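Below is model17.cif, holding mmCIF, N, CA and C atoms.
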```
data_work
loop_
_atom_site.label_atom_id
_atom_site.label_comp_id
_atom_site.auth_asym_id
_atom_site.auth_seq_id
_atom_site.Cartn_x
_atom_site.Cartn_y
_atom_site.Cartn_z
N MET A 1 56.09 -34.81 -13.73
CA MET A 1 55.64 -35.87 -12.84
C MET A 1 54.44 -36.60 -13.41
N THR A 2 54.46 -37.93 -13.32
CA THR A 2 53.34 -38.73 -13.79
C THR A 2 52.10 -38.44 -12.95
N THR A 3 51.03 -38.02 -13.63
CA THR A 3 49.76 -37.77 -12.97
C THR A 3 48.97 -39.07 -12.84
N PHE A 4 48.02 -39.06 -11.91
CA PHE A 4 47.35 -40.29 -11.52
C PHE A 4 45.88 -40.00 -11.25
N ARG A 5 45.12 -41.08 -11.07
CA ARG A 5 43.79 -40.99 -10.50
C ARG A 5 43.51 -42.30 -9.79
N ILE A 6 42.51 -42.28 -8.90
CA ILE A 6 42.16 -43.41 -8.04
C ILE A 6 40.83 -43.98 -8.49
N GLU A 7 40.77 -45.29 -8.66
CA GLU A 7 39.58 -45.95 -9.20
C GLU A 7 39.35 -47.28 -8.48
N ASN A 8 38.10 -47.73 -8.51
CA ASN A 8 37.70 -49.03 -7.95
C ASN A 8 38.02 -49.13 -6.46
N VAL A 9 37.59 -48.11 -5.71
CA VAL A 9 37.87 -48.01 -4.28
C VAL A 9 36.85 -48.84 -3.51
N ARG A 10 37.33 -49.89 -2.83
CA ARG A 10 36.48 -50.70 -1.97
C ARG A 10 37.21 -51.02 -0.67
N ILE A 11 36.46 -51.06 0.42
CA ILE A 11 37.00 -51.35 1.74
C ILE A 11 36.60 -52.78 2.11
N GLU A 12 37.60 -53.61 2.26
CA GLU A 12 37.45 -54.96 2.71
C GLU A 12 38.17 -55.13 4.02
N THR A 13 37.85 -56.19 4.72
CA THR A 13 38.49 -56.50 5.94
C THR A 13 39.44 -57.60 5.61
N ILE A 14 40.72 -57.33 5.79
CA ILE A 14 41.76 -58.25 5.45
C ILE A 14 42.56 -58.54 6.67
N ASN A 15 42.87 -59.80 6.92
CA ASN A 15 43.62 -60.21 8.08
C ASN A 15 43.11 -59.62 9.36
N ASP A 16 41.83 -59.82 9.56
CA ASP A 16 41.08 -59.38 10.70
C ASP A 16 40.97 -57.88 10.91
N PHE A 17 41.39 -57.08 9.94
CA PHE A 17 41.24 -55.64 10.07
C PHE A 17 41.06 -55.01 8.69
N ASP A 18 40.78 -53.71 8.69
CA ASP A 18 40.16 -53.05 7.55
C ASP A 18 41.20 -52.35 6.69
N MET A 19 41.16 -52.63 5.39
CA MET A 19 42.04 -52.02 4.41
C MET A 19 41.23 -51.55 3.21
N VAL A 20 41.67 -50.45 2.61
CA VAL A 20 41.07 -49.94 1.38
C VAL A 20 41.89 -50.44 0.20
N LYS A 21 41.25 -51.19 -0.69
CA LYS A 21 41.87 -51.61 -1.93
C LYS A 21 41.42 -50.69 -3.05
N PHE A 22 42.37 -50.28 -3.89
CA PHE A 22 42.05 -49.34 -4.95
C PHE A 22 43.06 -49.52 -6.08
N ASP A 23 42.69 -49.00 -7.24
CA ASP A 23 43.55 -49.01 -8.42
C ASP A 23 44.20 -47.65 -8.56
N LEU A 24 45.52 -47.65 -8.69
CA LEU A 24 46.26 -46.43 -9.00
C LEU A 24 46.46 -46.40 -10.51
N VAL A 25 45.82 -45.44 -11.17
CA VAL A 25 45.75 -45.40 -12.62
C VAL A 25 46.56 -44.22 -13.10
N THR A 26 47.61 -44.49 -13.86
CA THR A 26 48.38 -43.46 -14.54
C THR A 26 48.39 -43.75 -16.03
N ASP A 27 48.97 -42.82 -16.80
CA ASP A 27 49.11 -43.03 -18.23
C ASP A 27 50.03 -44.20 -18.56
N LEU A 28 50.70 -44.78 -17.57
CA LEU A 28 51.62 -45.89 -17.79
C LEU A 28 51.09 -47.22 -17.27
N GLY A 29 49.82 -47.28 -16.87
CA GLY A 29 49.23 -48.52 -16.41
C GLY A 29 48.44 -48.33 -15.14
N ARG A 30 48.02 -49.45 -14.56
CA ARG A 30 47.24 -49.44 -13.33
C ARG A 30 47.71 -50.57 -12.43
N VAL A 31 47.68 -50.32 -11.13
CA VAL A 31 48.07 -51.30 -10.13
C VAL A 31 47.06 -51.26 -8.99
N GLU A 32 46.79 -52.42 -8.41
CA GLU A 32 45.98 -52.50 -7.20
C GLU A 32 46.88 -52.27 -5.99
N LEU A 33 46.45 -51.36 -5.11
CA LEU A 33 47.14 -51.08 -3.87
C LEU A 33 46.19 -51.30 -2.70
N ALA A 34 46.75 -51.38 -1.50
CA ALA A 34 45.96 -51.63 -0.31
C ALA A 34 46.58 -50.88 0.86
N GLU A 35 45.74 -50.20 1.64
CA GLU A 35 46.24 -49.43 2.77
C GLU A 35 45.25 -49.52 3.92
N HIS A 36 45.79 -49.47 5.14
CA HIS A 36 44.97 -49.55 6.34
C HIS A 36 44.14 -48.28 6.51
N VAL A 37 43.00 -48.43 7.20
CA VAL A 37 42.02 -47.37 7.36
C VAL A 37 41.82 -47.08 8.84
N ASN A 38 41.76 -45.80 9.19
CA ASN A 38 41.45 -45.36 10.54
C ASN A 38 40.05 -44.78 10.59
N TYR A 39 39.39 -44.96 11.73
CA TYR A 39 38.03 -44.49 11.94
C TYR A 39 37.97 -43.64 13.20
N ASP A 40 36.96 -42.78 13.27
CA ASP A 40 36.74 -42.03 14.50
C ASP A 40 36.10 -42.94 15.55
N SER A 41 35.91 -42.40 16.76
CA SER A 41 35.35 -43.20 17.85
C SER A 41 33.97 -43.75 17.53
N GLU A 42 33.31 -43.21 16.50
CA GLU A 42 31.97 -43.62 16.12
C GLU A 42 31.96 -44.69 15.04
N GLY A 43 33.13 -45.16 14.60
CA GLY A 43 33.19 -46.16 13.55
C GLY A 43 33.08 -45.62 12.14
N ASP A 44 33.14 -44.30 11.97
CA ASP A 44 33.12 -43.68 10.65
C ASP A 44 34.54 -43.34 10.22
N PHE A 45 34.77 -43.40 8.91
CA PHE A 45 36.11 -43.19 8.36
C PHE A 45 36.70 -41.87 8.85
N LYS A 46 37.99 -41.89 9.17
CA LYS A 46 38.71 -40.70 9.59
C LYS A 46 39.89 -40.41 8.68
N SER A 47 40.75 -41.39 8.44
CA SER A 47 41.94 -41.18 7.63
C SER A 47 42.41 -42.51 7.07
N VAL A 48 43.26 -42.42 6.05
CA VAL A 48 44.00 -43.56 5.52
C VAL A 48 45.43 -43.43 6.00
N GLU A 49 45.96 -44.50 6.59
CA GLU A 49 47.29 -44.43 7.19
C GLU A 49 48.36 -44.16 6.14
N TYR A 50 49.29 -43.27 6.49
CA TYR A 50 50.34 -42.79 5.60
C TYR A 50 51.72 -43.07 6.19
N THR A 51 51.77 -43.78 7.31
CA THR A 51 52.97 -43.86 8.13
C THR A 51 53.43 -45.29 8.34
N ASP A 52 52.72 -46.05 9.16
CA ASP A 52 52.77 -47.51 9.13
C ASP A 52 52.04 -48.02 7.90
N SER A 53 52.17 -47.30 6.78
CA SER A 53 51.37 -47.54 5.59
C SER A 53 51.87 -48.78 4.87
N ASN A 54 50.93 -49.67 4.53
CA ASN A 54 51.29 -50.89 3.84
C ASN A 54 51.94 -50.61 2.49
N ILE A 55 51.57 -49.51 1.84
CA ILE A 55 52.13 -49.21 0.53
C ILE A 55 53.60 -48.83 0.64
N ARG A 56 53.92 -47.94 1.58
CA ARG A 56 55.30 -47.46 1.73
C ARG A 56 56.24 -48.57 2.19
N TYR A 57 55.72 -49.58 2.89
CA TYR A 57 56.56 -50.62 3.46
C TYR A 57 56.42 -51.97 2.78
N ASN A 58 55.47 -52.14 1.86
CA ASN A 58 55.27 -53.44 1.24
C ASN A 58 54.88 -53.41 -0.23
N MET A 59 54.60 -52.24 -0.81
CA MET A 59 54.12 -52.17 -2.18
C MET A 59 54.73 -50.99 -2.91
N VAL A 60 56.03 -50.75 -2.70
CA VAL A 60 56.68 -49.63 -3.37
C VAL A 60 56.96 -49.97 -4.83
N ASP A 61 57.41 -51.20 -5.10
CA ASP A 61 57.60 -51.61 -6.48
C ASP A 61 56.29 -51.56 -7.26
N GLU A 62 55.17 -51.89 -6.60
CA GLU A 62 53.87 -51.70 -7.23
C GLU A 62 53.59 -50.23 -7.47
N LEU A 63 53.82 -49.40 -6.45
CA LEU A 63 53.56 -47.97 -6.57
C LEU A 63 54.41 -47.35 -7.68
N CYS A 64 55.69 -47.72 -7.75
CA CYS A 64 56.60 -47.14 -8.73
C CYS A 64 56.39 -47.69 -10.13
N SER A 65 55.71 -48.83 -10.27
CA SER A 65 55.58 -49.48 -11.57
C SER A 65 54.67 -48.73 -12.53
N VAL A 66 54.00 -47.67 -12.08
CA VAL A 66 53.17 -46.84 -12.94
C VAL A 66 53.68 -45.42 -13.04
N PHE A 67 54.76 -45.09 -12.35
CA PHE A 67 55.38 -43.78 -12.46
C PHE A 67 56.59 -43.86 -13.38
N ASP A 68 56.85 -42.76 -14.07
CA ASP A 68 58.04 -42.64 -14.91
C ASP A 68 59.19 -42.21 -14.01
N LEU A 69 60.10 -43.14 -13.72
CA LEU A 69 61.17 -42.87 -12.76
C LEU A 69 62.37 -42.19 -13.40
N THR A 70 62.51 -42.23 -14.72
CA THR A 70 63.48 -41.37 -15.37
C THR A 70 63.10 -39.91 -15.11
N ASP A 71 64.12 -39.06 -15.00
CA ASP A 71 64.10 -37.67 -14.53
C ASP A 71 64.15 -37.59 -13.01
N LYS A 72 63.97 -38.69 -12.29
CA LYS A 72 64.17 -38.65 -10.85
C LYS A 72 65.66 -38.58 -10.56
N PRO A 73 66.11 -37.64 -9.74
CA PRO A 73 67.49 -37.67 -9.25
C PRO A 73 67.80 -39.02 -8.62
N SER A 74 68.98 -39.55 -8.95
CA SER A 74 69.37 -40.86 -8.43
C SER A 74 69.39 -40.86 -6.91
N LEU A 75 69.87 -39.79 -6.31
CA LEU A 75 69.97 -39.74 -4.86
C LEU A 75 68.65 -39.45 -4.16
N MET A 76 67.58 -39.21 -4.91
CA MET A 76 66.29 -39.07 -4.24
C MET A 76 65.55 -40.39 -4.25
N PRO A 77 65.00 -40.82 -3.12
CA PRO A 77 64.31 -42.11 -3.08
C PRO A 77 63.05 -42.10 -3.93
N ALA A 78 62.73 -43.28 -4.46
CA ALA A 78 61.54 -43.43 -5.29
C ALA A 78 60.28 -43.05 -4.52
N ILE A 79 60.19 -43.45 -3.24
CA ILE A 79 58.99 -43.16 -2.45
C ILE A 79 58.82 -41.67 -2.25
N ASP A 80 59.91 -40.91 -2.26
CA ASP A 80 59.80 -39.46 -2.10
C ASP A 80 59.55 -38.77 -3.44
N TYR A 81 60.05 -39.34 -4.53
CA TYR A 81 59.84 -38.74 -5.85
C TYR A 81 58.37 -38.77 -6.23
N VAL A 82 57.79 -39.97 -6.31
CA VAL A 82 56.39 -40.09 -6.65
C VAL A 82 55.54 -39.38 -5.61
N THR A 83 54.36 -38.93 -6.04
CA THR A 83 53.49 -38.09 -5.22
C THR A 83 52.66 -38.96 -4.28
N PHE A 84 53.36 -39.66 -3.39
CA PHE A 84 52.70 -40.61 -2.50
C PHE A 84 51.74 -39.89 -1.55
N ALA A 85 52.15 -38.75 -1.01
CA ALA A 85 51.25 -37.94 -0.19
C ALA A 85 50.01 -37.54 -0.98
N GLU A 86 50.19 -37.08 -2.22
CA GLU A 86 49.04 -36.72 -3.04
C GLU A 86 48.15 -37.93 -3.31
N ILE A 87 48.74 -39.11 -3.43
CA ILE A 87 47.98 -40.32 -3.70
C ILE A 87 47.11 -40.68 -2.50
N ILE A 88 47.70 -40.69 -1.31
CA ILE A 88 46.94 -40.97 -0.09
C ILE A 88 45.83 -39.95 0.09
N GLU A 89 46.14 -38.68 -0.18
CA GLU A 89 45.14 -37.62 -0.03
C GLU A 89 43.97 -37.81 -1.00
N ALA A 90 44.22 -38.38 -2.17
CA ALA A 90 43.13 -38.59 -3.13
C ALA A 90 42.25 -39.77 -2.74
N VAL A 91 42.86 -40.83 -2.17
CA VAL A 91 42.09 -41.98 -1.69
C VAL A 91 41.19 -41.57 -0.53
N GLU A 92 41.69 -40.70 0.34
CA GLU A 92 40.88 -40.18 1.44
C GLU A 92 39.69 -39.39 0.91
N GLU A 93 39.91 -38.59 -0.14
CA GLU A 93 38.81 -37.86 -0.75
C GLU A 93 37.74 -38.81 -1.28
N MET A 94 38.16 -39.93 -1.87
CA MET A 94 37.19 -40.89 -2.39
C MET A 94 36.41 -41.58 -1.29
N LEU A 95 36.88 -41.53 -0.04
CA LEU A 95 36.29 -42.29 1.05
C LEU A 95 35.45 -41.45 2.00
N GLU A 96 35.27 -40.16 1.73
CA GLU A 96 34.44 -39.32 2.59
C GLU A 96 33.03 -39.20 2.04
#
```
What would you get if you wrote out this structure as structure tokens?
Amino acid sequence: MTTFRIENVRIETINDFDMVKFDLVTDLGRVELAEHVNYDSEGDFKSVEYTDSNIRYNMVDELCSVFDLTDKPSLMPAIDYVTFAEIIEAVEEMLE
């Protein structure tokens, strides 16, 4: 599996609400991604959305463009092959 790291993490407010923009850096290149951010009742960061996630629904070709998709079973979806959960979990680590 293509390993990754998260770089250039900044939180901007886009389209009247808050998204984290970051670079997904693998040995095969880097792409800018953007995902919505959740906060606790106090306005402090709580989580990065993984469900109504902008990446899973609008930036999969971007996400996959740095992963080596050969060796993926054809019948397994690209979004499930790449370590998308691990990616979201790493962005959350950068934001605490």
Near residue A:85, counting only N, CA and C atoms, which residues have an atom at most 8 Å away, once you skip same-chain residues fewer than 6 positions from it, shown as a list in words?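 In the requested format, the answer is residues 50, 79 and 91 of chain A.
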Adding 6 Å on each side of the box along x, y and z that holds all listed atoms of stretch 38-41 of chain A, could you give its centre and edge lengths in Å to one decimal, as JSON?
```
{"center_x": 37.9, "center_y": -43.9, "center_z": 13.5, "size_x": 19.8, "size_y": 15.8, "size_z": 20.7}
```
For this file, the PyMOL selection byres ((chain A and resi 52-66) around 7) selects which residues, as a PDB file with N, CA and C atoms, keeping the file's coordinate frame?
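New file part-v3.pdb:
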```pdb
ATOM      1  N   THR A   2      54.460 -37.930 -13.320  1.00  0.00           N
ATOM      2  CA  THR A   2      53.340 -38.730 -13.790  1.00  0.00           C
ATOM      3  C   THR A   2      52.100 -38.440 -12.950  1.00  0.00           C
ATOM      4  N   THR A  26      47.610 -44.490 -13.860  1.00  0.00           N
ATOM      5  CA  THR A  26      48.380 -43.460 -14.540  1.00  0.00           C
ATOM      6  C   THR A  26      48.390 -43.750 -16.030  1.00  0.00           C
ATOM      7  N   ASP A  27      48.970 -42.820 -16.800  1.00  0.00           N
ATOM      8  CA  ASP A  27      49.110 -43.030 -18.230  1.00  0.00           C
ATOM      9  C   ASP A  27      50.030 -44.200 -18.560  1.00  0.00           C
ATOM     10  N   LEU A  28      50.700 -44.780 -17.570  1.00  0.00           N
ATOM     11  CA  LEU A  28      51.620 -45.890 -17.790  1.00  0.00           C
ATOM     12  C   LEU A  28      51.090 -47.220 -17.270  1.00  0.00           C
ATOM     13  N   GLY A  29      49.820 -47.280 -16.870  1.00  0.00           N
ATOM     14  CA  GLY A  29      49.230 -48.520 -16.410  1.00  0.00           C
ATOM     15  C   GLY A  29      48.440 -48.330 -15.140  1.00  0.00           C
ATOM     16  N   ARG A  30      48.020 -49.450 -14.560  1.00  0.00           N
ATOM     17  CA  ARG A  30      47.240 -49.440 -13.330  1.00  0.00           C
ATOM     18  C   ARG A  30      47.710 -50.570 -12.430  1.00  0.00           C
ATOM     19  N   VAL A  31      47.680 -50.320 -11.130  1.00  0.00           N
ATOM     20  CA  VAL A  31      48.070 -51.300 -10.130  1.00  0.00           C
ATOM     21  C   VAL A  31      47.060 -51.260  -8.990  1.00  0.00           C
ATOM     22  N   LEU A  33      46.450 -51.360  -5.110  1.00  0.00           N
ATOM     23  CA  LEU A  33      47.140 -51.080  -3.870  1.00  0.00           C
ATOM     24  C   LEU A  33      46.190 -51.300  -2.700  1.00  0.00           C
ATOM     25  N   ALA A  34      46.750 -51.380  -1.500  1.00  0.00           N
ATOM     26  CA  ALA A  34      45.960 -51.630  -0.310  1.00  0.00           C
ATOM     27  C   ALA A  34      46.580 -50.880   0.860  1.00  0.00           C
ATOM     28  N   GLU A  35      45.740 -50.200   1.640  1.00  0.00           N
ATOM     29  CA  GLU A  35      46.240 -49.430   2.770  1.00  0.00           C
ATOM     30  C   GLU A  35      45.250 -49.520   3.920  1.00  0.00           C
ATOM     31  N   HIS A  36      45.790 -49.470   5.140  1.00  0.00           N
ATOM     32  CA  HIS A  36      44.970 -49.550   6.340  1.00  0.00           C
ATOM     33  C   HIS A  36      44.140 -48.280   6.510  1.00  0.00           C
ATOM     34  N   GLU A  49      45.960 -44.500   6.590  1.00  0.00           N
ATOM     35  CA  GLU A  49      47.290 -44.430   7.190  1.00  0.00           C
ATOM     36  C   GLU A  49      48.360 -44.160   6.140  1.00  0.00           C
ATOM     37  N   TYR A  50      49.290 -43.270   6.490  1.00  0.00           N
ATOM     38  CA  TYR A  50      50.340 -42.790   5.600  1.00  0.00           C
ATOM     39  C   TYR A  50      51.720 -43.070   6.190  1.00  0.00           C
ATOM     40  N   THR A  51      51.770 -43.780   7.310  1.00  0.00           N
ATOM     41  CA  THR A  51      52.970 -43.860   8.130  1.00  0.00           C
ATOM     42  C   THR A  51      53.430 -45.290   8.340  1.00  0.00           C
ATOM     43  N   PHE A  67      54.760 -45.090 -12.350  1.00  0.00           N
ATOM     44  CA  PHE A  67      55.380 -43.780 -12.460  1.00  0.00           C
ATOM     45  C   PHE A  67      56.590 -43.860 -13.380  1.00  0.00           C
ATOM     46  N   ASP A  68      56.850 -42.760 -14.070  1.00  0.00           N
ATOM     47  CA  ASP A  68      58.040 -42.640 -14.910  1.00  0.00           C
ATOM     48  C   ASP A  68      59.190 -42.210 -14.010  1.00  0.00           C
ATOM     49  N   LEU A  69      60.100 -43.140 -13.720  1.00  0.00           N
ATOM     50  CA  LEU A  69      61.170 -42.870 -12.760  1.00  0.00           C
ATOM     51  C   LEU A  69      62.370 -42.190 -13.400  1.00  0.00           C
ATOM     52  N   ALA A  78      62.730 -43.280  -4.460  1.00  0.00           N
ATOM     53  CA  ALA A  78      61.540 -43.430  -5.290  1.00  0.00           C
ATOM     54  C   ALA A  78      60.280 -43.050  -4.520  1.00  0.00           C
ATOM     55  N   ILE A  79      60.190 -43.450  -3.240  1.00  0.00           N
ATOM     56  CA  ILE A  79      58.990 -43.160  -2.450  1.00  0.00           C
ATOM     57  C   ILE A  79      58.820 -41.670  -2.250  1.00  0.00           C
TER      58      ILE A  79
END
```
Near-residue A:19 list (9 Å; only C-alpha atoms; drop same-chain fewer than 5 positions) as a VMD selection string
chain A and resid 10 to 14 34 to 37 48
Requested in this report: Write out as a count of residues only which residues come within 8 Å of residue A:95 when counting only N, CA and C atoms, dropping same-chain ones fewer than 5 positions away.
Outcome: 4
message = Would you pick out the contacts of residue A:25 at 6.5 Å or less, using only N, CA and C atoms, so that residues sharing its chain but fewer than 5 positions from it are not included, and give the list as an MDAnalysis selection string?
response = chainID A and resid 3:7 30:31
Residues from the last selection, N, CA and C atoms, saved as a short mmCIF file (atom, residue, chain, number, x, y, z; two decimals), keeping the file's coordinate frame:
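And here is the file that came out, result_23.cif:
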```
data_model
loop_
_atom_site.label_atom_id
_atom_site.label_comp_id
_atom_site.auth_asym_id
_atom_site.auth_seq_id
_atom_site.Cartn_x
_atom_site.Cartn_y
_atom_site.Cartn_z
N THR A 3 51.03 -38.02 -13.63
CA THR A 3 49.76 -37.77 -12.97
C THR A 3 48.97 -39.07 -12.84
N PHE A 4 48.02 -39.06 -11.91
CA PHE A 4 47.35 -40.29 -11.52
C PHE A 4 45.88 -40.00 -11.25
N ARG A 5 45.12 -41.08 -11.07
CA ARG A 5 43.79 -40.99 -10.50
C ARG A 5 43.51 -42.30 -9.79
N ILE A 6 42.51 -42.28 -8.90
CA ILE A 6 42.16 -43.41 -8.04
C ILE A 6 40.83 -43.98 -8.49
N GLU A 7 40.77 -45.29 -8.66
CA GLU A 7 39.58 -45.95 -9.20
C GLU A 7 39.35 -47.28 -8.48
N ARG A 30 48.02 -49.45 -14.56
CA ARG A 30 47.24 -49.44 -13.33
C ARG A 30 47.71 -50.57 -12.43
N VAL A 31 47.68 -50.32 -11.13
CA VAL A 31 48.07 -51.30 -10.13
C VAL A 31 47.06 -51.26 -8.99
#
```
| Which parts of chain A does DSSP call alpha helix (DSSP H) when run on the backbone here, written out as a PyMOL selection string? | chain A and resi 54-58+60-64+78-81+84-94
(Q) What does the structure give for the distance between atom CA of residue A:15 and atom CA of residue A:92, in Å to one decimal? (A)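 Interatomic distance, atom CA of residue A:15 to atom CA of residue A:92: 21.3 Å.
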